[PDB]
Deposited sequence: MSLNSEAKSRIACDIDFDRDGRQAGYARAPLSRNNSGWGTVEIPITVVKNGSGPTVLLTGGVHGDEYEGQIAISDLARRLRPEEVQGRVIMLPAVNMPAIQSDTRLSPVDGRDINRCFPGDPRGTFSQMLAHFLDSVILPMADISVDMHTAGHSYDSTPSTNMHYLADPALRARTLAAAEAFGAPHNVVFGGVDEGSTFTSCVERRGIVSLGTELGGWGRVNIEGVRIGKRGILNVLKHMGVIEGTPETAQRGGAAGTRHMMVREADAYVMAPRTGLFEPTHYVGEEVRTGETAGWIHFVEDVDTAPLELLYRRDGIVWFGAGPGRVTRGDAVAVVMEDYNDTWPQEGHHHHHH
C-alpha cells in the first residue's frame, strides 16, 4: 500500500491522525488526501471497527462516528475502537456517491488494487491494512441521493449458523427499528469471517435527524454489546416496540422497478405498510399533453425499506424495495 499511516494500532491510549493517500492532480503531482483515523486502545477486549463515508453523500455515519471519535476516552474502553468516519474523502468534498477522481463507486472496487486508481488503492488499504484488525465491523450507510431509507441495520444470511447468530445478536444490540437480512466492503468483512453490520440511515440527499439519533445510539449499543464500554444497549423504539424487528429482502418481487423514464409520484414513504397488487405510484409523462400516467404496483406484501429518491426516475431504477418479516 501507497497509503501512509504512522499510527501504532497496538499502542495503549488514544491516537487521532490521518492516513495520507497519494493523489496526483495536474497542478499537484505529489498531492495527498488526508483520511481521518482515531484509535482508542485500553485494557483487554475485542476490536470494533467503525466506518462511515465510504460513499461521500452518506452523512449519518460521518456525523455519528466523528462525534464519537472526538469524545471517546481510553479509560472508557476495554478493548479497541478504530474509527474512520469519512473514508472516501474526495467524494465527501463533492457530496457524491461516486469518486470525482476516477469515477468509481468505491463499494464496487473491493478487495482493491494497490496499483490501481484512487478508489482501488483506498479499497485495498481498507481491506488489507485496516480490516484484518477487526472483530466486528459496522459500516455505516444511507441511500444518499438514490432513495430514502427507514432507519435500519442490515446483514447477510450467513453460511455459518454460529456467525449468523452473533451478527443477529449484534444487530439486535444496535437497535434500529428494523434489521434487514439480505465487491462491497461488507463482502470483505464477511470473507474474513469478521462480524458485519451495515446500516441504512436516511438519504434524500439530506440529514436524517432520527437517523443520526438511531446511529449514534447504535454504535454505543454495539460497543456495550461487545463489552468494550460499560453498560447495556438502549433499544427502545418510538412507536412502543422494545427492540429491533428483524426483516428480509430476498425476492425479485420485493422491488418495484420503473419501466419508463419520467416523473414518478409515489403513494407511500419508507417505514409504511404496503400490500401486493395495489398502486405503488405513477410515472407522469409531463412532456406530453393528454397522455395518462403509468401506474405501478407492488408485487409483495410488507413494509417499504427504500422509497423513491429523485422525482425524475430513469427506466431501470428501483422506486421502492419492500421488506417482510424475517
- Query: Which runs of the deposited chain sequence never show up in the coordinates?
  - Reply: 1-8, 191-196, 341-354
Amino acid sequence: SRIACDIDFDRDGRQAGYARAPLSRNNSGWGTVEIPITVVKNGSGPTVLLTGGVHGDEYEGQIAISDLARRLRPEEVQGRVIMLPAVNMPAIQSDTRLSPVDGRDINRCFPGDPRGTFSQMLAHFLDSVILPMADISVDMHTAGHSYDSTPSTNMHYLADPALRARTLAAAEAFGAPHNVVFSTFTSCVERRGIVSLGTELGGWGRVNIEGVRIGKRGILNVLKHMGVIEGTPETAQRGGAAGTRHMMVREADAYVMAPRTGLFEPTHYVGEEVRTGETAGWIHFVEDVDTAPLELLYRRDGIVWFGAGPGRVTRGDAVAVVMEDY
From here on, numbers count along this sequence of modelled residues.
- Task: For the higher mean C-alpha B factor in the entry, choose 297-305 or 284-292.
- Result: 297-305
- Query: According to the deposited model, is the average Cα temperature factor higher in 80-88 or in 158-166?
  - Reply: 158-166
- Task: Using the temperature factors in the entry, find which of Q93, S119, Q237, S137 has the highest value at its Cα atom.
- Result: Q237
- Item | From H124, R97, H141, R245, residue of greatest CA B-factor | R245
- Ordered by C-alpha B-factor within the chain, which third holds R70? Give me lowest, middle or highest, please. middle
- Note on the structure: Temperature factor at the Cα of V270, chain-ranked in thirds, falls in the highest
- Item | Ranked against its chain, the third holding the CA B-factor of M257 | highest
- Chain-wide C-alpha B factor ranking for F185, given as lowest, middle or highest third: middle
- Message: Per the entry's values, where does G175 land by CA temperature factor relative to the rest of its chain, in the lowest, middle or highest third?
- Response: middle
